[PDB]
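Novice: One structure follows; several queries about it will come next.
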2 protein chains.
Amino acid sequence: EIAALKXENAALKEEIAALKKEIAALXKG
Amino acid sequence: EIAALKXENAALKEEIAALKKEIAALXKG
Ligand SMILES: [Cu+2]
Ligand SMILES: [Cu+2]
């Protein structure tokens, strides 16, 4: 359980970071 | 444990959505 859930957490954080970087890109141009 | 972790999951998803909407905004203008 927790294992996969923690994975689901980790994965989600990785999505977040990506988006944030994207915005920075869009913000810088 | 799992409770708060699930919360940490829920919260994170809510961050994601926000970002996505933001990008859409920036994309539409
Ligand atoms: Cu890894
Ligand atoms: Cu609620």
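By order of appearance in the structure tokens: chains A, B, ..., then residues from 1 within every chain, and ligands from 1 in the order shown.
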With 10 Å as the limit and counting only C-alpha atoms, what residues in chain B lie close to chain A? Please list them as a ChimeraX atom specification.

Specialist: /B:1-2,5-6,8-10,12-13,15-17,19-20,22-23,26-27

Novice: Store the residues picked out above, limited to N, CA and C atoms, as a tab-separated table (two decimals), in the first residue's frame.

Specialist:
```tsv
chain	number	residue	atom	x	y	z
B	1	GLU	N	-0.67	7.66	9.71
B	1	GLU	CA	0.28	7.69	8.60
B	1	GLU	C	-0.41	7.92	7.26
B	2	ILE	N	-0.95	6.83	6.69
B	2	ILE	CA	-1.56	6.87	5.36
B	2	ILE	C	-2.48	8.08	5.23
B	5	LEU	N	-0.52	11.05	4.67
B	5	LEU	CA	0.09	10.83	3.36
B	5	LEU	C	-0.92	11.03	2.24
B	6	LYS	N	-2.12	10.46	2.39
B	6	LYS	CA	-3.17	10.64	1.40
B	6	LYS	C	-3.47	12.12	1.27
B	8	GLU	N	-1.33	14.49	1.90
B	8	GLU	CA	-0.19	15.00	1.16
B	8	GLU	C	-0.39	14.73	-0.32
B	9	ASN	N	-1.00	13.59	-0.64
B	9	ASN	CA	-1.35	13.33	-2.04
B	9	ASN	C	-2.39	14.33	-2.52
B	10	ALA	N	-3.53	14.40	-1.84
B	10	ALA	CA	-4.61	15.30	-2.23
B	10	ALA	C	-4.09	16.71	-2.45
B	12	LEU	N	-1.15	17.80	-3.03
B	12	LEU	CA	-0.27	17.90	-4.19
B	12	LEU	C	-1.07	17.95	-5.48
B	13	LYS	N	-2.08	17.09	-5.62
B	13	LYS	CA	-2.91	17.13	-6.82
B	13	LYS	C	-3.48	18.52	-7.01
B	15	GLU	N	-2.21	21.34	-6.05
B	15	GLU	CA	-1.18	22.20	-6.62
B	15	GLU	C	-1.15	22.00	-8.13
B	16	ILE	N	-1.05	20.74	-8.56
B	16	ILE	CA	-0.92	20.42	-9.98
B	16	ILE	C	-1.99	21.14	-10.79
B	17	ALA	N	-3.26	20.86	-10.47
B	17	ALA	CA	-4.38	21.48	-11.16
B	17	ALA	C	-4.16	22.97	-11.32
B	19	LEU	N	-1.45	24.86	-11.29
B	19	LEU	CA	-0.42	25.10	-12.29
B	19	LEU	C	-0.97	24.91	-13.69
B	20	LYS	N	-1.63	23.77	-13.92
B	20	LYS	CA	-2.15	23.49	-15.26
B	20	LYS	C	-3.05	24.62	-15.72
B	22	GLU	N	-3.09	27.67	-14.73
B	22	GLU	CA	-2.23	28.81	-14.99
B	22	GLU	C	-1.67	28.75	-16.40
B	23	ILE	N	-1.08	27.61	-16.76
B	23	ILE	CA	-0.48	27.49	-18.07
B	23	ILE	C	-1.51	27.78	-19.15
B	26	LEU	N	-1.90	31.43	-19.47
B	26	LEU	CA	-0.75	31.98	-20.16
B	26	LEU	C	-0.77	31.58	-21.63
B	27	UNK	N	-1.38	30.44	-21.92
B	27	UNK	CA	-1.44	29.91	-23.30
B	27	UNK	C	-2.50	30.58	-24.10
```
